[PDB]
Structure formats: C-alpha cells, structure tokens
Number of protein chains: 2
Amino acid sequence: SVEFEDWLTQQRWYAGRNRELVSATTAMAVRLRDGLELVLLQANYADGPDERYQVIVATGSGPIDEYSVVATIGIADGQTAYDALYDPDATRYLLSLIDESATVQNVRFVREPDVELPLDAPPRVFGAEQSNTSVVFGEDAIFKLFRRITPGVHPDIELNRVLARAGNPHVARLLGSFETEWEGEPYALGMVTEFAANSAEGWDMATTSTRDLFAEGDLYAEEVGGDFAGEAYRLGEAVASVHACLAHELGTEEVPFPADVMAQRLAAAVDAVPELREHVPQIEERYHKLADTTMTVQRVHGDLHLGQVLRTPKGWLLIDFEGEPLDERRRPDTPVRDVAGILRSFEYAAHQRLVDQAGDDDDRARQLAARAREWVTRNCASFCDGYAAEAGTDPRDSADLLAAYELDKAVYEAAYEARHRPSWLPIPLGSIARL
Amino acid sequence: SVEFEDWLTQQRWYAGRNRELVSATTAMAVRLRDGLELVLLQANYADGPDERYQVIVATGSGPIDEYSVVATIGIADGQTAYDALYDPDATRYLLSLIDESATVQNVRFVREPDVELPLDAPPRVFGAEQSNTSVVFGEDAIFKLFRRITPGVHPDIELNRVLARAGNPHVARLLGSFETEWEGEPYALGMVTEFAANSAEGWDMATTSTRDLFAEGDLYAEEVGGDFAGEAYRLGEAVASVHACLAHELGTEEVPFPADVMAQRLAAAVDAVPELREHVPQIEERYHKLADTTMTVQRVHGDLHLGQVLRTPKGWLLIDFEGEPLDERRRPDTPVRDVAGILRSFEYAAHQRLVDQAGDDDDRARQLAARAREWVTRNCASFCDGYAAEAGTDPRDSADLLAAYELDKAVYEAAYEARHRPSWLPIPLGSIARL
C-alpha cells in the first residue's frame, strides 16, 4: 500500500514520459525477505496499452543519503519505502538468492555452473536503458534487473547461455538469472553476468576516429593516425565468430526473401512520405529483383549496431541481444541483416559528426563529406573483409541480398528518425540515395 | 494535525539522532497563507532536555515532482502536507512577507531599509547545517530559515544589523529577518542577506599564496609573484574599519585583563597535557606580568579567522559573527583578541601546507619551514601595518596585551585540536614555542 504513481514516472526507465498515466498499482508481490518484496506493477494509461514494470521494494531506511531522491518511493504505514537496488545489504541478499539457487514462492532463481561474487562491494550503474537498472558487485559481476517485464523467454539470456556453453570468446559470460510465472506465461526478471570492467563502446570509439580525420582534415583516410580500419576488421571476424557458432547450435534452414513482408514495411514507411516516394519505384525494382530466391536463416542478434558492441583488452564483446512481438524476435533470419546493421551504423557514426561538423558551419563542409564517404566506405570494407576472413562465405559476394537489407534498414531508419527527430532525415535519405 | 515524528528525525538537520525521542509534537502554528503554516514543533525526549525545531508546512500539491522525497511529510485527511522550502511559489511568499513587512499573529517579519529580491529564481542550498536550511534567490539574495530555535539575541544578526545600518562596506549587507516571542523569551526564526556572488574565502586565497612560495621555492618570500602581503594589508584596514565603526555605536569601556579567568583556561588546558606543562611556568610568567592592567573593551567579532573572511571585487567582507553560552558571546572584549585570531590563522595556513609538504616528505622540509616562517611573519606584519593605518592605534605598539591573547588562542587551539586531531598538536605546540 504505497503510491508509486509519483516516482514510477521520474525514473528514466519509465516509457510513458508522454503517455498520461492514470492510477498504476501492484499486480504481484512475492515477499523475498521480511524487508524486501518483488513488486511487479501494472501501469494503466488512458488511450494506451497497459505496461508492466518490476521493482524490488525495500522498507525501513533506504540510504545512502547520496541516493534519497532517486530511490525514495513514499510513506509505508509508517516506514519509508524506497527500492532495494540502492541498498548494499539488500542487493547482497538478492545475489545470494541467485546462488542458492532458491525459489521463493513464484519468483524462481537459477545459477549456472560458476562461482558468483558475493561478499563484494555493490553500487548501481548509471547508463540506465529503459530496459534496466543494474548494480555491479566489485569489478567481478554485474547484476541487472529488467525493469519492463514482457513474457519469457528472453534471448539475451537464451543466447548468452548457448553461446557461453559453446565457449565463444565474444560474449559476456552469463552467471545466473531469475524469472516468474505470472498469470499464464514466464517472465524473465533479471540476469547476472561476468563484468567487463575496462570497456568502451564501439560507437564511442568510432566517434573518436571519425573525430580525427575531420578535425585537421584534408589528409586522407588511410594516412591519418586515427584509422579505425584495423579495428573494424577485427570486429568483423568477431561478429562472424558468434554467427558461425550460433548456427552450429541453433541450426540453419532455407527460406525465400520476405518479398510481401518487406514490401509491407516499405509501404507503411511511405505513410510519413518525403522524397522517399521518388526512390520507391527504384527501391521496389531492387526488391522484386530478388523475389523467389532462397536464403539461409540462423538465429541472430537482431539489433546490431556499434552501440551494442564493446571493446575490452583482449577482445570485442557483443551485448544486448534485445533483440527487436517476442514471438517475432526469436524467429531466425539471414545474417545479412546483422552485417547490414553494423554497416548502417558506420555511416551514422561518420555523418552525425558531419552534422556536428555542419555545427560547425559554413563554407566548405564539402571537404568533410569527402572524408566521411572515404571513412564510411573504407571501414565497411575492412569490416566485411574481416567477416569473410572468419567464415568462408563473403557477405559482399552475395551483395544483392545484403543491398536489400541495407535499403530496408534505411526505410525503418527514416521512419523511426523522421517521427522522433526531423534533423536526422537527411542521413537516411542521402544514404538511400547513395545505395 | 500531521504526524511529524517519522520524518523530523529523517531530515539531517535533526539534532537528536542519538537521543531516543518520545512524543515529538507541535507547540505553535501561525497560518501564514491558505496553503502555509509556520509551525514551531517541540521535541520531548526521555533522558535529555527538550529542543524546539520549526518548519513552514504547505498543503495541496508539493512539486517539483523530483523532490516529493525530501518533502512528503504526511497525508493529513485528505490533502498531502509537505515543507514549503522545496516549493518556489511558497518561498516567494515567505519572502514577500519579510518585505511587507508583515506580522501574522505571533510571528513578526521585519526588514531593514533595503529592497529584497522577489520574483527571482530560487533553489535551496545543500550545504545544510544542523542549524539551518537556506534558499538563494537568483545571484542576488540568500534566505536562511533556522531549523532549531534557541532564544535570542542571535548576535550574528545583532552585529550585522548594526554594521550595515552604519553603512560598513565590509559585511554581507543584512536585508531582512523574522522572529516570534514564544512563552517568555524571543526566538529569531530566520534571516535573509545580500548574496555575495563571485566571492572567495581568505583561507583558500592564502592557501594559494602559501602554495606559491613552497612549490618551486628557495626564491624568497617577497620576490615570488604569489605574495599575499598587499592583500593582507588591505584585510588589516578592513578589520580595523569594522572594529572602529562597531566601537562608535556599541561604545567602549575599561576593564582589567582577565587574569583569573584566563588562568582557568590555561589550567583546564593542562588536563590534556603534553610538553605544554613545561612551557606553563614561562606562559604564566607572561600572564601575571600583565596583571592589574586595564584594557579597552568593545563589541567584537569573537571568532575571526581567514575562513570567516570573504573577498569580493571592490572589497573584503567579514561574515559569520557566530561568534563563540549566548550570554558570554555577546560580552564585549579587547579587539586585540580578534587580531590575535587572524594572526593565529596565518600560521595555520602556512603550516597546514608544510604538513601537506611533509606530505610530501622527506629530505629537506627544513627549506619549507624557512619559507613558512618568512611568509607567516611577513603577512602578519603587513596585516598589523594595515590595521594600524586605519585606526591611530597600533596593535603591535601595545604588544604585551596581544602576545597574551595569542598565547591563549594557542592554548585553546591545542586542546581543541589535540582531542579531535592528534596530528595538529605540533602546530599549536611549535607556535607556542615560537612565541
């Protein structure tokens, strides 16, 4: 009996920052401990579909004082209710429960065949995606509560298991997890995984190389010290490694190019039409060219971009197998979609900078474009080269299949950008024109 | 009728965190507005004298929505009650009452002959003393709502009013106050003052000049660019200005040196004895030398050190007339005690650094001591020179009176340091040996 309303809309994992949330009270409460309670809250909004968020709620006192605002929830007849992801004693016990590995009533915990890192110091971690909030024990293990529960299974655990038991190097090794069978279906609630302390994002690392050419430019893409090409090639065989390993356990099948399905995507994209309608016949000509042709479908990442890729010493890591309709997310697909995602991300890394270099106006942005096109096409080459070096198959060798998915990822990029951010529209439109 | 007991021990201005309280109920309530209410709450413990805290309570909605945490007091059927300090429209009013300058029932709000700064964007300052909370309207003025009410007269206000009405350029012009005569004695509940934007502490400014000589040293105290001597001289005539101006309105009296009183101080100091007992006969010889001699007593600061002094563009400012037994604090004293405080503070500024330069070991700290003694004695000279340049009287001219109070301030410094911090003890002991 605690009015979440007020703080369940301050958090930065809450989706409906625009949605107008009418009352949003509990839909489940398992008493994990005398102090804790795994509360799964249901959020009813006028003019929307209900969303379900989870929160491990603690009472008593919720320090530190360095965390009152973010964590304090409300009065609780008559102790103070906050959330336990900010109580180091209460996080220790959640992690112990995952090692037992116990089952408190409905919420069932489960650990792999490893050795977890308890009696180690935990703080929260601050890059809080709308998916999640997460504490890190020591520098050894990182626990992650999935904030918005959608019915299991959950690929990010499903894949990191099959991929780590197979012993793929490119994966943050999974340790434990926990879920619950609310109503009909299961619900993956969180996972804990080996901690890649000393990491850096791919986008952040490409952004610094794209920064290099451009600043003090007019000196060639290959000649500059910042050259990402070598690192891009390594990232290629990294993504190819996980793909080939995933295909071994997941298996492969043959299916024809989703002509009518991907036509429906390009058709709906024309709803928020620009000059995209002018390209549409030329695009449709590229689509119906590959009609009645068979591809190979594996289990894949589903949402690859430089952001979902981390660099540690001694290796590239693939994370966030989100992937993005949970049924549709698990469905297999051509790996040409994943290499399309990375190649798509390279152009965005190079030209956000050029927009930030149109920032940054006025006279000769024409030089920067020349360097960006150089950089964009060179690391895409270096990436494909490295991918092809790992598995016998070369993605560019079967170019027509790839060029289709690149065009599709641009149509989804246009619509996803155009609605949210008008300034982006030149990036999808120009790149559509480039291909 | 809101139940405070549960959150008036949660605020961290609450004194009795280690007292153990019983019924902590309200003992006054003047309704300032429709939404507001000045409420002096009385805390009745068992085994410990009662205290009294205040809190202006607002009822309705309480945003900012990010601050319902440190605010939400209780649910008084049926509107929520919370403290108004986290409300900008409610402090705008608490200020517009001090400007009125109104008087609601018991609580009288007074203002000086100035113009306060309402309709100016306010936030609360997180540097919140166990005495206070405070909001800061723009870069213009700073309100300060005393959280615990001890019975007047709060001499920091009494000595600020007198000085600013006198038109002293060396203070933080007092803009308004407010108070109430509860039971018998009066209670000063708050004050608002001219906000010194673009300021810097004296200690922080001396620390940077003491940093200069020492780093890249062996180059003389006068030759280095960092030389504080010029600024010290200005600070001299600044302190002398307020003293002479204070004596005009406060008046002067003649009294003999507190031989038996200051003997009791040196006697109690010997309780936590070191080598201080060896100096004690030589110190007592300096004390009983000035016995049966008359001095001049004015109203004074009482607690001068470089920390209680601020520098703005176009002038030095004296703040925190704390001063430090409220009866004893208001009692007049020789201004030689205040110049003793500043000269005492110069040595601490120079040798904290030398301890931080013993930090910072090992071979030739003997060089740093040579520079420190140079710096300590030169800015003490420059300060006394500037003081003497303002008022006809020179403090060093009547040296014996000053040398006594310097020795006393060292005995209080030794005992105050020794109990709290053992590492300090060489500073008082060595300086006692120096004088």
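Residues numbered from 1 in each chain as written, not as in the entry; some residues may be left out. Chains lettered and ligands numbered in written order. Part of a larger assembly, values for the part shown. Heavy atoms only, no water. Residues with missing side-chain atoms left out of burial classes, pairs and counts.

- Determination of this PDB entry was carried out by X-ray crystallography to a resolution of 3.6000 Å, according to the record.

**Brief notes about the overall build of chain A**
Then comes step 1: Each helix and strand in chain A was counted, giving 12 helices and 17 strands.
Then comes step 2: Relative to its length of 435 residues, chain A is compact, with a C-alpha radius of gyration of 24 Å against a globular reference of 22 Å.
Then comes step 3: Each principal axis of the C-alpha distribution contributes one length, and for chain A these read about 65 × 50 × 45 Å. (Helix = DSSP H or I, 4+ residues; strand = E, 2+ residues; numbered from the N terminus. Rg over C-alpha atoms; globule rule 2.2 N^0.38 Å.)

**With respect to unusual backbone geometry**
Then comes step 1: Cis peptide bonds are those with omega within 30 degrees of zero, and the linkage from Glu322(A) to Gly323(A) qualifies with -5 degrees.
Then comes step 2: Position of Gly323(A) relative to the elements: it lies in the loop between β17 (315-318) and α8 (326-330).
Then comes step 3: The omega torsion across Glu100(B) and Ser101(B) is -5 degrees, close enough to zero to call that bond cis.
Then comes step 4: Inspection of the secondary structure assignment puts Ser101(B) in the loop between α2 (88-100) and β6 (103-104).
Then comes step 5: The backbone phi angle of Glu183(B) is positive, close to 55 degrees, even though this residue is not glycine.
Then comes step 6: Residue placement: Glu183(B) occurs in the loop between β11 (174-180) and β12 (187-194).

**Concerning the interface of chain B and chain A**
Then comes step 1: Contacts between the two partners involve five residues from chain B, matched on the other side by six residues from chain A.
Then comes step 2: Of the residues belonging to the side of chain B that touches chain A, the class tally is one nonpolar, one polar and three charged. (Contact = heavy atoms within 4.5 Å. Nonpolar A, V, L, I, M, F, W, Y, C, P; charged D, E, K, R; others polar.)

**Quick notes on the sheet that holds β17(A)**
All names here are of chain A.
Then comes step 1: An order of β13-β16-β17 is seen for the three strands of this open sheet, with the pairing classed as antiparallel. The open sheet has two edge strands with one neighbour each: β13 (200-201) and β17.
Then comes step 2: Bridge count between strand β16 (residues 309-312) and β17: four bridges; the pairing is antiparallel. Bridge assignment links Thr-312 to a residue of β17, and that residue is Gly-315.
Then comes step 3: Relative to the sheet, helix α5 (residues 229-250) contacts β16 and β17, its axis offset from that of β17 by approximately 50 degrees. (Pairing = 2+ DSSP bridges. Axes fitted to C-alpha atoms, helices over the stretch in contact; angles between N-to-C directions.)

**Re the side chain of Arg344(B)**
All names here are of chain B.
Then comes step 1: Following the sequence through the fold, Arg-344 ends up in helix α9 (residues 336-356).
Then comes step 2: For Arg-344, the side chain forms a polar contact with the side chain of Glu-347, separated by 3.2 Å.
Then comes step 3: Dropping the residues within four chain positions of it, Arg-344 is found in contact with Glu-406, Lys-409, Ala-410, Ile-427, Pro-428 and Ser-431. (Polar contact = N/O pair within 3.5 Å; in protein donor to acceptor, adjacent residues only side chain to side chain.)

**Observations regarding helix α5 (residues 229-250) of chain B**
Then comes step 1: Here α5(B) is 22 residues long and its end C-alpha atoms lie 31 Å apart, about the 32 Å a rise of 1.5 Å per residue gives.
Then comes step 2: Just beyond α5(B), the residue with positive phi is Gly251(B), at close to 85 degrees. (Expected span 1.5 Å × (residues − 1).)

**As for the sheet that holds strand β2 (residues 38-43) of chain A**
All names here are of chain A.
Then comes step 1: Strand order in the open sheet made by the three strands is β1-β2-β3, with antiparallel pairing throughout. Each end of this open sheet is capped by a strand with a single partner; those strands are β1 (26-30) and β3 (51-56). Taken over all neighbouring pairs, the strand axes of this sheet differ in orientation by 15 degrees on average, direction set aside.
Then comes step 2: Pairing geometry for β1 and β2, over three bridges, is antiparallel. Note that in β2 the partner of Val-30 across the bridge is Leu-38.

**Here we look at the packing of helix α9 (residues 336-356) of chain A against helix α10 (residues 366-390) of chain A**
Residue and element names in this part refer to chain A.
Then comes step 1: Two numbers describe how α9 lies on α10: the axes approach to 9 Å, and their chain directions differ by 155 degrees. What the angle tells us is that α9 and α10 run roughly antiparallel. Of the two elements, α9 crosses α10, and the hand of that crossing is right-handed. Residues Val-339, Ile-342, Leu-343, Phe-346, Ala-350, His-351 and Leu-354 of α9 pack against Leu-368, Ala-369, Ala-372, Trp-375, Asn-379, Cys-380, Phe-383 and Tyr-387 of α10.
Then comes step 2: Of the residues that constitute the contact of α9 with α10, the class distribution is 13 nonpolar, two polar and no charged. (Parallel < 35°, antiparallel > 145°, perpendicular 65-115°, else oblique. Left-handed = near helix turned anticlockwise from the far one by under 90°.)

**What to know about the packing of aromatic side chains**
Centre distance and the angle of the planes are the two values used to describe a pair of aromatic rings.
Residue and element names in this part refer to chain A.
Then comes step 1: Note on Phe-228 and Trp-375: the rings are 6.2 Å apart at their centroids and 35 degrees apart in plane angle, and the pair reads as tilted.
Then comes step 2: Summarising the aromatic geometry, the rings of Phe-346 and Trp-375 are spaced 6.0 Å apart at their centres and angled 65 degrees between planes, so their arrangement reads as edge-to-face. Of this pair, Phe-346 sits in helix α9 while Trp-375 sits in helix α10, and the two are 29 residues apart along the sequence.
Then comes step 3: Connected via pairs of aromatic rings, a cluster forms that spans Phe-4, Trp-7, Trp-13, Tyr-14, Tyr-45 and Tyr-53.
Then comes step 4: The residue whose ring lies beneath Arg-33 is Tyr-93, and the NZ or CZ to ring-centre distance is 5.0 Å.
Then comes step 5: One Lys or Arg, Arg-311, reaches over the ring of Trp-316 and ends 5.8 Å from the middle of that ring. (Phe/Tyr/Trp six-rings, centres within 6.5 Å; stacked < 30°, edge-to-face > 60°. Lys NZ or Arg CZ within 6 Å of the ring centre and 35° of its normal.)

**Describing the pattern of salt bridges**
A side chain with one charge may pair with a side chain of the opposite charge, provided their charged atoms come close.
Residue and element names in this part refer to chain B.
Then comes step 1: Residue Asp-99 pairs with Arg-111 through a salt bridge whose shortest N-O separation is 3.2 Å. With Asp-99 in helix α2 and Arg-111 in strand β7 (residues 107-111), this pair connects stretches of sequence that are 12 residues apart.
Then comes step 2: A salt bridge links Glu-374 to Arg-371; the shortest N-O distance between them is 2.6 Å. Residue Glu-374 and its partner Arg-371 are both found in helix α10 (residues 366-390); the two are separated by three residues, about one turn of the helix. (Salt bridge = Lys/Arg side-chain N within 4 Å of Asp/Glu carboxyl O.)

**Here we look at the environment of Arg33(A)**
All names here are of chain A.
Then comes step 1: Looking at the secondary structure, you find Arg-33 in the loop between β1 and β2.
Then comes step 2: Each C-alpha atom, one on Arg-33 and one on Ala-90, is 9.3 Å from the other, the two residues being 57 residues apart in sequence.
Then comes step 3: Discounting chain neighbours no more than four positions away, the residues touching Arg-33 are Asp-89, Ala-90 and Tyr-93.

**Here's the deal with the side chain of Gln54(B)**
Residues and elements named next belong to chain B.
Then comes step 1: Among the structural elements, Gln-54 can be located in strand β3 (residues 51-60).
Then comes step 2: Here the side chain of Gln-54 touches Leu-189 through a polar contact of 3.2 Å, landing on its backbone oxygen.
Then comes step 3: Beyond its immediate stretch of four places on either side in the chain, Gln-54 contacts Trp-13, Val-39, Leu-40, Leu-41, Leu-145, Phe-146, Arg-147 and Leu-189.

**Overview of the environment of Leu235(B)**
Residue and element names in this part refer to chain B.
Then comes step 1: Summarising the element assignment, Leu-235 is placed in helix α5.
Then comes step 2: Along the backbone, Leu-235 and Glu-284 are 49 residues apart, and their C-alpha atoms lie at a distance of 32 Å.
Then comes step 3: Those residues in contact with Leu-235, other than ones at most four positions away along the chain, are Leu-306, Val-309, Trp-316 and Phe-383.

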